[PDB]
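Student: The structure under discussion is supplied below as structure tokens; questions concerning it will follow.
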Amino acid sequence: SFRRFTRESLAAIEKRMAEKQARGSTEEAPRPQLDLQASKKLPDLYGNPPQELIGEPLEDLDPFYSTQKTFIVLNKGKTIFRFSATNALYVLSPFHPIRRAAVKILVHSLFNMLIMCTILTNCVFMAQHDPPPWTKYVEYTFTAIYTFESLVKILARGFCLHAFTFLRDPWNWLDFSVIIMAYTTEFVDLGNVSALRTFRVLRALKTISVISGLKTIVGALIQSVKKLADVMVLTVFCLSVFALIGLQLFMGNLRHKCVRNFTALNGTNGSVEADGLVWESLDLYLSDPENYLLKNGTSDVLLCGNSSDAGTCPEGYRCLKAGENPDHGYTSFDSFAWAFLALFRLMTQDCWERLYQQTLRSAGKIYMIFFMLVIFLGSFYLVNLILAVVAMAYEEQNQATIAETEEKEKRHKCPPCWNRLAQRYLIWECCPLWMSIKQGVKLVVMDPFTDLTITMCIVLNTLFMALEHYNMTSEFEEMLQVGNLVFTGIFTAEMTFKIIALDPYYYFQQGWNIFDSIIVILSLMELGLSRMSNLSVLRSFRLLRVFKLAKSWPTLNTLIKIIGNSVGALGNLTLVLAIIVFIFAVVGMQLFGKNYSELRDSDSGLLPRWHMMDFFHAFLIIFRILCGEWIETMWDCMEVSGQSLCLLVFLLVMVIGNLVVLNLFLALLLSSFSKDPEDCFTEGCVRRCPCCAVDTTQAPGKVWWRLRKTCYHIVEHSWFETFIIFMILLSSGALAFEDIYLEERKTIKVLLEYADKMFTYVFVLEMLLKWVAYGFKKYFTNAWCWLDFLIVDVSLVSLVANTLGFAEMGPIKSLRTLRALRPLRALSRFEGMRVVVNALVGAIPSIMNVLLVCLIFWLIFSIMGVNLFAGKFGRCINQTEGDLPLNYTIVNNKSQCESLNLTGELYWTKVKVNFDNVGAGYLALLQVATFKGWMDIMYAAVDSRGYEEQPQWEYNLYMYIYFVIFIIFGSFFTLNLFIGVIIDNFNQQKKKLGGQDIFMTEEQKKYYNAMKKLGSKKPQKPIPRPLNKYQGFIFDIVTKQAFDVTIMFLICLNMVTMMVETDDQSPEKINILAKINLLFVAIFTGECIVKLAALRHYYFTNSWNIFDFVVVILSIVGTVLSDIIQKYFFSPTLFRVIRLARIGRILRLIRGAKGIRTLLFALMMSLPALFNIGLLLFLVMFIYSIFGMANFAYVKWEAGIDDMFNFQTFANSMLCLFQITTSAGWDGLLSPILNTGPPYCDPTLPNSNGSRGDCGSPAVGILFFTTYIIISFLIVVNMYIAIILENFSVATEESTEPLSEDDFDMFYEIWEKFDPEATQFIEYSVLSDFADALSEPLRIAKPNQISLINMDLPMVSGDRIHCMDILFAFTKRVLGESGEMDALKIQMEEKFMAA
Ligand SMILES: *[C@@H]1O[C@H](CO)[C@@H](O[C@@H]2O[C@H](CO)[C@@H](O[C@@H]3O[C@H](CO)[C@@H](O[C@@H]4O[C@H](CO)[C@@H](O[C@@H]5O[C@H](CO)[C@@H](O)[C@H](O)[C@H]5NC(C)=O)[C@H](O)[C@H]4NC(C)=O)[C@H](O)[C@H]3NC(C)=O)[C@H](O)[C@H]2NC(C)=O)[C@H](O)[C@H]1NC(C)=O
Ligand SMILES: CC(C)CCC[C@@H](C)[C@H]1CC[C@H]2[C@@H]3CC=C4C[C@@H](OC(=O)CCC(=O)O)CC[C@]4(C)[C@H]3CC[C@]12C
Ligand SMILES: CC(C)CCC[C@@H](C)[C@H]1CC[C@H]2[C@@H]3CC=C4C[C@@H](OC(=O)CCC(=O)O)CC[C@]4(C)[C@H]3CC[C@]12C
Ligand SMILES: CC(C)CCC[C@@H](C)[C@H]1CC[C@H]2[C@@H]3CC=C4C[C@@H](OC(=O)CCC(=O)O)CC[C@]4(C)[C@H]3CC[C@]12C
Ligand SMILES: CC(C)CCC[C@@H](C)[C@H]1CC[C@H]2[C@@H]3CC=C4C[C@@H](OC(=O)CCC(=O)O)CC[C@]4(C)[C@H]3CC[C@]12C
Ligand SMILES: CC(C)CCC[C@@H](C)[C@H]1CC[C@H]2[C@@H]3CC=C4C[C@@H](OC(=O)CCC(=O)O)CC[C@]4(C)[C@H]3CC[C@]12C
Ligand SMILES: CC(C)CCC[C@@H](C)[C@H]1CC[C@H]2[C@@H]3CC=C4C[C@@H](OC(=O)CCC(=O)O)CC[C@]4(C)[C@H]3CC[C@]12C
Ligand SMILES: *[C@@H]1O[C@H](CO)[C@@H](O[C@@H]2O[C@H](CO)[C@@H](O)[C@H](O)[C@H]2NC(C)=O)[C@H](O)[C@H]1NC(C)=O
Ligand SMILES: *[C@@H]1O[C@H](CO)[C@@H](O)[C@H](O)[C@H]1NC(C)=O
Ligand SMILES: *[C@@H]1O[C@H](CO)[C@@H](O)[C@H](O)[C@H]1NC(C)=O
Ligand SMILES: *[C@@H]1O[C@H](CO)[C@@H](O)[C@H](O)[C@H]1NC(C)=O
């Protein structure tokens, strides 16, 4: 505390504190007195800096918990540092000046500034893949600087000698090997071993030991992942169950292919002859790839099958199983490990479509249902559980921080001082001159007028630059020339014209003036290069003007807030993410550098894309693996690198990166968040229409009354709704038979023609009855009738058109597509549908408020893309060589390859998706944001060259940055904003109603809370014992945990048994393993029998016992089936369907492991919140399929359209919609409907129906796909929200926590002390002394006897006090009216009263 210490004062205390073992002592719970934990300022008592007393050891003026032999020092920033004043043997004592010099070296900030200048330097020189040798010398220097950093600490803190040593801190040795390796090579000669010295990357983790904010956020992440549990166990268990299921369905099923016909051996020792070619052996014909058939349009082996729904190849080929697995042989169902990888592939949702088609072709259509299950249980439920647990773990930290902060709180900037000379020179800008115009301008700035017009100037100009298309043929080039000048001048006119009105002493107030000044300086500086027309990209920074439309917007400021939060408030975590990405990008190169040298050997040395021979491609590949695409680049491993390393690298990258990104996303969100009926109508204008209120005392008025009552009776009857439902369902189903059957069958044609007419007749009759039953109240008190009217009018129009032979015109024939709206009339006839639509219609403003912002933000980047990439995507190609581009020595520009068109084999093509207009830019950006189909777009962009020039390989490798920026800005923050607004409005909507009852019907609302509880009364124990020899010990056998040990042992051994399975194996193991199966079934059956009469016949309860009989029956009937039908086995499908019954008997272990029960419970409580959403999704999908079958019937089979995936029939349309409902690839489906060119479109087509051509109309297709994508996303988001919230609803925890059972014992003992009289009346005059013996008094003692009279102690009869009026009074003193034990006790006391 003071300047210096004496030699004896320290001894005076270090001798006294050492006497604890002898005299000091013959509860502490050490805590930082003022949250002192080093590396923190924490001014506690002084609050001011000393004169010169800082920087020296102190005696720690606090409790003697940190005095001992240690001391505390502070730097110029009052940073606490604790050191130990101990020796290091030999001639070394703390009373030396060298230790003081070391403290001065260490505490001061200067030291930090040195070390950083090294670390970042060392982060550059290891970024090269071929360094010159003289870099060894720089390495030398680096080593020295780290020797220093170590030596001062080693001398100051001690190696491991006494306490607070160098190695006591866990971080200090994390770089200890740094000092080893750099010396190890110096004295020890090195061998000829590679794959070594990639350890240097560990060095850059020292950056964390420097910026303390990084250490705090690292600790927070570690705590979150240590609080995340009881999810991975469910994930691996469910994945293993699904893998076991799939190993029994698609085994060996991915090698089916059809080969050119096998003829015979021709009756000799052996000769396989075919078209004059001879083969020696069968394996030389079955394993020869020259006989394989290739799927035209791609590069792979066609798959096939013998099934009735599998498909066939052209004639001359026979289907069979032979060869190797497809796609480099890394996808398989032959063994458990490959099935496990395939399912983890499905879990993450990447490159599924292809696997889906490959499995579907060989298995057949009927197996699609399997995938339908695997997605739903896989992608949604587990991911929701992970998100919920992470969210809770993060909320806890903020809550604890706020609580601790509240508890703790409850306990000049003039360095130069020259600018003031300007303050006494400025301000008075009026001068002797002015005194008129100055106030004139100040008045002329009119907020209700000028502030509006300037706003229009910002708007109109932003639209004027949207007309920047391709080949104006001028007129627009000079018109934009004039406009961008007039607009810039008007915009910058007020720049300095506002100074006279607003004194420059107040020139800068809020910073919006700073932003406007920066924009003006931008424009002026840009308009400084007129001598040239080149460098037009320079003129693109004017799109910054669009941010001026921020001050008049209620949600753009919101966005600017989120942005600011992420950059600065959350910088401490984004820097960590950047460091992690850099570390992984560097380590990948060192791990797999020298492996792609031999990957060329073609086309004069071109290299395949996405390599790791350079830093930029490493960053790109890490970005892709962080964006959720990893199979495509993983499959480039296992070929050069091997199987043992790429797997681990990719898997840990996936975990680390996804966890960090999700935590940052949640952090950013939480930061940003903080009797006569009515005749016509009311008594208004009806005073001039005595048209219904007429005399009814005679015949003329009875008609209206009787007709209205009869119609009312008709509509209320339930059988009328039954009739309506049946007709509506039949109407919806009738439309499913409009496929190519129309020109193939005849009676179904006449049937449907009659049916449509009768349907329209009945519907119009409904409408006529409706317009009378309820008067005119409808259409104005219930809007649902508007949809009915808008639908029925369509059919009436078509009927009147076709009746008179006037429906041969295109507008009328095209009106037949509006019949696809027929199923929508059933939306209002079911309760769950009404609930979900009424809940969904409550967020349209929420949708629009994000739609506007996203639209503007995306237009900003669309304009840039148009200005950069326009007019560079064309090329010319040879017909017979496919669509591949040519070289750059024969053709250079479009005119040249059009002039070389002498043979007619040269054709000009343009990329389907381009940047030639704003609209196409919108479509391209939508494709890039969704992550499907962007590869070809970036292939076009990277390969770009000058205007109208043939592309060259990788001429501009830096175009990736623009797409990277757009993905990071248009996907992360947009999702943030959308989630924020939708959740906020949805919760406010729930808050308005008063309860949590949303998405539930009237019965479900009550059943959800009626069928959910969590309480127990008294379970017991039965065990018959009229025979002490057998069952008395059977009871001991069952009650012990040895029964649990037996069950787990047996089921785990069966698990291990059923983990030996492969393809066709030697018969010896086939039979022995069947012996093992028989033994396991027998021992399980024996265990279920030995259960016997332990509970007699009273064990048939809800406990987990009847499932023993269930599994015994199922397993025995699935196992003895082989003996039942031993005669023949000709059912290579149904037998396998029975054999899955072994999947069971493995779900018996969910009975245990209590923690894997509540999560499952929440799901069964949550399914009814998903049924209605599934129904709505089904209806939407059916409507879209019906609409889609009508326009794409004859689209050419190109790209994703094949024989098994088209729109010719209902089934194929449903399959395609199922494929695209999750946006799992739609570019390949949209692609073959944009073709219009004669090369790609045959106008004349000899079809067999009322249609011509095989190419669709894009103007319908783009809308059809975009609307489905957006609707599917909205519904999936709603399902996500419901599932997450249901998992938070199950957090009751100590909702009751009675613990009241124990107490009744003292009351019963007092009763026994009071029982023999059996009067049940007590007097307080004796209870005053009686209650003093209460064990741990929960009631009144003797001094409190006077108060007991006033606390529920009634006097009845002759001033008598009842005992039954005291039990609940005592009970509520600890707990009451909350727990189930209290309610049971009070009800038992009431029953005793009734007794
Ligand atoms: C769709 O419908 C198709 C009907 O046209 C159907 O093809 C039929 O499939 C059956 C069963 O899959 C096949 O029956 C063949 O019958 C012959 C004569 O009995 C048998 O050939 C023997 O096969 C064994 C292998 O199981 C050979 O042993 C070893 O084979 C390997 C590889 O072939 C080779 O190294 C050697 O040949 C030998 N090993 C050694 C060390 O020597 C055995 O040699 C031959 N026999 C002879 C004389 O060579 C066998 O039962 C079977 N042949 C097979 C399976 O290759 C046959 O393909 C079709 N039926 C007929 C009557 O011709 C097709 O399978 C259906 N689609 C699907 C997906 O199932
Ligand atoms: C993550 C934040 C902290 C930025 C860190 C960036 C630097 C650590 C790295 C990243 C990219 C590196 C550059 C990538 C490429 C080169 C080219 C290189 O010279 C060559 O042209 C190499 C020969 C060849 O191109 O084949 C000189 C170093 C330099 C500028 C590198 C210097 C170090 C840089 C700037
Ligand atoms: C080959 C060698 C160099 C590998 C070295 C790696 C590990 C030994 C290091 C690297 C990061 C370290 C961790 C970084 C941060 C923390 C959080 C930190 O959290 C706390 O301080 C919590 C409160 C408490 O002290 O109990 C505890 C130590 C720990 C797990 C560290 C333990 C040691 C780790 C795992
Ligand atoms: C967690 C982040 C921050 C860093 C991850 C780094 C690892 C991916 C790297 C760093 C050092 C590498 C190791 C460096 C040296 C070797 C020795 C090498 O030994 C052998 O087996 C070669 C000889 C033989 O095959 O017999 C095997 C690879 C291995 C373990 C490497 C595996 C990959 C490691 C662990
Ligand atoms: C979003 C991108 C396109 C901006 C490109 C330029 C930026 C690198 C710079 C240029 C001018 C800078 C601005 C200049 C002046 C200010 C005022 C400054 O105000 C204050 O510090 C106090 C604010 C208050 O009084 O509350 C805040 C930062 C800000 C907006 C700066 C933010 C960063 C800007 C926009
Ligand atoms: C803006 C954010 C999203 C960038 C994130 C990645 C950066 C940390 C790294 C990755 C690749 C690096 C680049 C790799 C190679 C070059 C060499 C060299 O390039 C040029 O010749 C200039 C190109 C330019 O103007 O960007 C200058 C540094 C640069 C752009 C590097 C700068 C730093 C980059 C962009
Ligand atoms: C400034 C704000 C408003 C928008 C930021 C958008 C960036 C993502 C864009 C705008 C300017 C672009 C740069 C403009 C010019 C070039 C030079 C270009 O280099 C060449 O063309 C070299 C070949 C040659 O010309 O000989 C490489 C891309 C790069 C760095 C571009 C990379 C992407 C940038 C940074
Ligand atoms: C475009 O493709 C055709 C067809 O492959 C190429 O024509 C080749 O050469 C003559 C014509 O000069 C044909 O008779 C041959 O059949 C073709 N193949 C071979 C191997 O000669 C033609 O050269 C290609 N390029 C151009 C510019 O037409
Ligand atoms: C068939 O040919 C093989 C080898 O060519 C020969 O070993 C075998 O004996 C022949 N079988 C006969 C001749 O029956
Ligand atoms: C391409 O393959 C399909 C297979 O369904 C076939 O129908 C078609 O004829 C093939 N194309 C040509 C040009 O033969
Ligand atoms: C090719 O083999 C199949 C197999 O059934 C057969 O039906 C067909 O006739 C064979 N083709 C010829 C040309 O013999």
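FYI, nothing fancy with the structure tokens labels: chains A, B, ... in order, residues from 1 per chain, ligands from 1 as they appear.
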Sorted by chain and rising residue number, which residues of chain A lie within 7 Å of ligand 3, and what are their closest atom pairs and distances in Å to one decimal, counting only C-alpha atoms and all ligand atoms, as CSV?

Tutor:
```
residue,atom,partner,partner_atom_place_in_ligand_line,distance
A:170,CA,ligand 3,33 (C),5.8
A:171,CA,ligand 3,12 (C),6.5
A:173,CA,ligand 3,3 (C),6.9
A:174,CA,ligand 3,3 (C),4.2
A:175,CA,ligand 3,3 (C),6.0
A:177,CA,ligand 3,3 (C),6.7
A:218,CA,ligand 3,15 (C),6.6
A:219,CA,ligand 3,17 (C),4.9
A:222,CA,ligand 3,17 (C),6.6
```

Student: Please return as a ChimeraX atom specification: the residues of range 31-159 of chain A that backbone DSSP assigns to alpha helix (DSSP H).

Tutor: /A:97-107,110-125,135-157

Student: Find the residues near ligand 7. Use a cut-off of 9 Å, count only C-alpha atoms and all ligand atoms, and write them as a list in words.

Tutor: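 Based on only C-alpha atoms and all ligand atoms, ligand 7 is surrounded within 9 Å by residues 537, 538, 540, 541, 542, 543, 544, 861, 864, 868, 945, 955, 956, 957, 958, 959, 960, 961, 962, 963, 964, 965 and 966 of chain A.
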
Student: Quick one: everything within 12 Å of residue 923 in chain A, counting only C-alpha atoms, minus sequence neighbours fewer than 2 positions away in the same chain. Send it as a VMD selection string.

Tutor: chain A and resid 858 to 859 862 865 912 to 921 925 to 930 933 to 934 937 1227 1230 1262 to 1263 1265 to 1266

Student: Could you list, as a PDB file with N, CA, C and O atoms, in the first residue's frame, all protein and nucleic acid residues with an atom at most 7 Å from ligand 11, counting only C-alpha atoms and all ligand atoms?

Tutor:
```
ATOM      1  N   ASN A 261     -26.710 -58.246 -74.110  1.00  0.00           N
ATOM      2  CA  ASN A 261     -27.250 -59.576 -73.860  1.00  0.00           C
ATOM      3  C   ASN A 261     -26.160 -60.641 -73.789  1.00  0.00           C
ATOM      4  O   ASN A 261     -25.205 -60.637 -74.569  1.00  0.00           O
ATOM      5  N   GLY A 316     -32.543 -55.221 -76.054  1.00  0.00           N
ATOM      6  CA  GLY A 316     -31.216 -55.768 -76.240  1.00  0.00           C
ATOM      7  C   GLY A 316     -30.348 -55.832 -75.002  1.00  0.00           C
ATOM      8  O   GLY A 316     -29.161 -56.157 -75.121  1.00  0.00           O
ATOM      9  N   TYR A 317     -30.890 -55.529 -73.822  1.00  0.00           N
ATOM     10  CA  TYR A 317     -30.121 -55.548 -72.584  1.00  0.00           C
ATOM     11  C   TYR A 317     -30.880 -56.324 -71.517  1.00  0.00           C
ATOM     12  O   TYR A 317     -32.112 -56.354 -71.508  1.00  0.00           O
ATOM     13  N   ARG A 318     -30.128 -56.952 -70.615  1.00  0.00           N
ATOM     14  CA  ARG A 318     -30.688 -57.745 -69.525  1.00  0.00           C
ATOM     15  C   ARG A 318     -30.224 -57.170 -68.195  1.00  0.00           C
ATOM     16  O   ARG A 318     -29.036 -56.869 -68.028  1.00  0.00           O
TER      17      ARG A 318
END
```

Student: For ligand 10, collect every residue having any atom at a distance of at most 12 Å from a ligand atom (counting only C-alpha atoms and all ligand atoms); output as a list in words.

Tutor: residues 293, 294, 295, 296, 297, 298, 302, 303, 304, 311, 312, 313, 314, 315, 1196, 1197, 1198, 1199, 1201, 1202, 1203, 1204 and 1205 of chain A

Student: Can you tell me, as a VMD selection string, what residues are no more than 12 Å from residue 158 in chain A when counting only C-alpha atoms, ignoring any on the same chain fewer than 2 positions away?

Tutor: chain A and resid 83 to 89 92 to 94 99 150 to 156 160 to 169

Student: If you take only C-alpha atoms and all ligand atoms and a cut-off of 7 Å, which residues of chain A touch ligand 4, and what are their nearest atom pairs and distances in Å to one decimal, in chain and number order, as a Markdown table?

Tutor:
```
| residue | atom | partner | partner_atom_place_in_ligand_line | distance |
| --- | --- | --- | --- | --- |
| A:195 | CA | ligand 4 | 15 (C) | 5.7 |
| A:196 | CA | ligand 4 | 15 (C) | 5.1 |
| A:197 | CA | ligand 4 | 14 (C) | 6.8 |
| A:198 | CA | ligand 4 | 11 (C) | 5.4 |
| A:199 | CA | ligand 4 | 11 (C) | 5.2 |
| A:202 | CA | ligand 4 | 3 (C) | 6.5 |
| A:583 | CA | ligand 4 | 3 (C) | 6.5 |
| A:584 | CA | ligand 4 | 2 (C) | 6.8 |
| A:587 | CA | ligand 4 | 6 (C) | 6.4 |
| A:591 | CA | ligand 4 | 33 (C) | 6.9 |
| A:649 | CA | ligand 4 | 8 (C) | 6.0 |
```

Student: Which residues are near residue 1151 in chain A? Cut-off 9 Å, only C-alpha atoms, ignore same chain within fewer than 5 positions. Put them as a ChimeraX atom specification.

Tutor: /A:1104,1156-1157

Student: Which residues are near residue 1001 in chain A? Cut-off 10 Å, only C-alpha atoms, ignore same chain within fewer than 5 positions. Put them as an NGL selection string.

Tutor: :A and (831-836 or 1006-1007 or 1168-1169 or 1172)

Student: Could you pull out the residues sitting within 6 Å of ligand 5, using only C-alpha atoms and all ligand atoms, and write them as a PyMOL selection string?

Tutor: chain A and resi 510-511+514-515

Student: Considering only C-alpha atoms and all ligand atoms, give me a table of residues in chain A that are at most 10 Å from ligand 8, with the closest atom pair and distance in Å for each, as a tab-separated table.

Tutor:
```
residue	atom	partner	partner_atom_place_in_ligand_line	distance
A:877	CA	ligand 8	1 (C)	8.4
A:878	CA	ligand 8	1 (C)	5.0
A:879	CA	ligand 8	2 (O)	6.5
A:880	CA	ligand 8	2 (O)	5.2
A:881	CA	ligand 8	2 (O)	6.1
A:882	CA	ligand 8	2 (O)	9.4
A:886	CA	ligand 8	27 (C)	9.5
A:890	CA	ligand 8	27 (C)	8.7
A:891	CA	ligand 8	27 (C)	9.6
A:897	CA	ligand 8	27 (C)	9.0
A:900	CA	ligand 8	27 (C)	7.6
A:901	CA	ligand 8	27 (C)	7.7
A:902	CA	ligand 8	28 (O)	8.2
A:903	CA	ligand 8	28 (O)	6.2
A:904	CA	ligand 8	28 (O)	7.7
A:905	CA	ligand 8	28 (O)	5.3
A:906	CA	ligand 8	28 (O)	6.6
```

Student: Could the residues that lie within 9 Å of ligand 9, counting only C-alpha atoms and all ligand atoms, be listed as a list in words?

Tutor: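 Using only C-alpha atoms and all ligand atoms, everything at most 9 Å from ligand 9 comes to residues 268, 269, 270 and 280 of chain A.
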
Student: Only C-alpha atoms, please: the residues just picked out, written as a PDB file, in the first residue's frame.

Tutor:
```pdb
ATOM      1  CA  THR A 268     -18.287 -76.581 -75.029  1.00  0.00           C
ATOM      2  CA  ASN A 269     -15.609 -76.197 -72.349  1.00  0.00           C
ATOM      3  CA  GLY A 270     -16.562 -72.516 -72.445  1.00  0.00           C
ATOM      4  CA  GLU A 280     -13.074 -66.857 -71.765  1.00  0.00           C
TER       5      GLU A 280
END
```

Student: Just want the 10 Å neighbourhood of residue 365 in chain A, counted on only C-alpha atoms, with same-chain residues fewer than 2 positions away dropped. Output as an MDAnalysis selection string.

Tutor: chainID A and resid 308:310 359:363 367:369 1204 1211:1212 1215

Student: Distance limit 10 Å, reference ligand 2, atoms considered: only C-alpha atoms and all ligand atoms. Which residues make the cut? Give them as a PyMOL selection string.

Tutor: chain A and resi 120-131+575+578-579+581-583+614-616+619

Student: Please identify all protein, DNA and RNA residues within 6 Å of ligand 1, counting only C-alpha atoms and all ligand atoms, and report them as a list in words.

Tutor: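 Counting only C-alpha atoms and all ligand atoms, the residues within 6 Å of ligand 1 come out as residues 282, 283, 305, 306, 319 and 320 of chain A.
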
Student: Just give me the gap between CA of residue 1258 in chain A and CA of residue 471 in chain A in Å, one decimal is fine.

Tutor: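 A separation of 23.2 Å between them.
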